[PDB]
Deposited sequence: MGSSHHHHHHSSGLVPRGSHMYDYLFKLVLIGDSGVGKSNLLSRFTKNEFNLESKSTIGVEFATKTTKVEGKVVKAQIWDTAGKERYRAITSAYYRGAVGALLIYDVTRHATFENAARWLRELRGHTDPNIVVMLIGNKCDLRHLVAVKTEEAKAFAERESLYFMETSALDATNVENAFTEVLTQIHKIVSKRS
């Protein structure tokens, strides 16, 4: 734990939060996936622009005054929606204002369109998502936990920019 960056994943149920966490930390995809009970953790150590960082990534259910303990100390946040279900992207702003009720204004937040491997079912055009990120100063990437496309880039990018702030 040279420096340990706590990151929280948030977003509605079944957007792929847990599988995202699984593919980044252990490189595996839980097909047999159940809704997350409580909060689960997973760490990974990587070196961002030349300084070894430990990420300590928190995960919970999309569904208890545990929110404050959930967000406490988070210096990063992945706002995940499900590219194929427009209702997941719509209440991302509602996750966003909860995430800013319980964190610092300078947290590094990436909006994430997960499941980009389901190309024939995409219900969210990337320019409405890019518009929402522009409007809110969010980073943004499309990802597939199933294919691993952009998962590492999503996390390391967050980690790198966290590093630039506190370095």
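- Gaps in the coordinates relative to the deposited sequence fall at 1-21, 85-87, 192-194.
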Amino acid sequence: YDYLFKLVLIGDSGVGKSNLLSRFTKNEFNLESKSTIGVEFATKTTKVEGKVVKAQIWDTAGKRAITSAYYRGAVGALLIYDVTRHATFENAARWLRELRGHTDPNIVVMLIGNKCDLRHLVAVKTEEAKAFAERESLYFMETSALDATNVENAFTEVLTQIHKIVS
From here on, numbers count along this sequence of modelled residues.
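- Averaged over Cα atoms, the B-factor as recorded in the entry is higher for 43-51 than for the other of 112-120 and 43-51.
- Across the two stretches, 133-141 and 33-41, the PDB entry reports the greater mean Cα temperature factor for 33-41.
- Sort the modelled residues of the chain by CA B factor and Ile57 lands in the lowest third.
- Remark: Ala148 belongs to the highest third of its chain, ranked by C-alpha B-factor as recorded.
- In the deposited entry, the Cα temperature factor of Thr156 places it in the highest third of its chain's modelled residues.
- When the modelled residues of the chain are ordered by C-alpha B-factor, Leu4 sits in the highest third.
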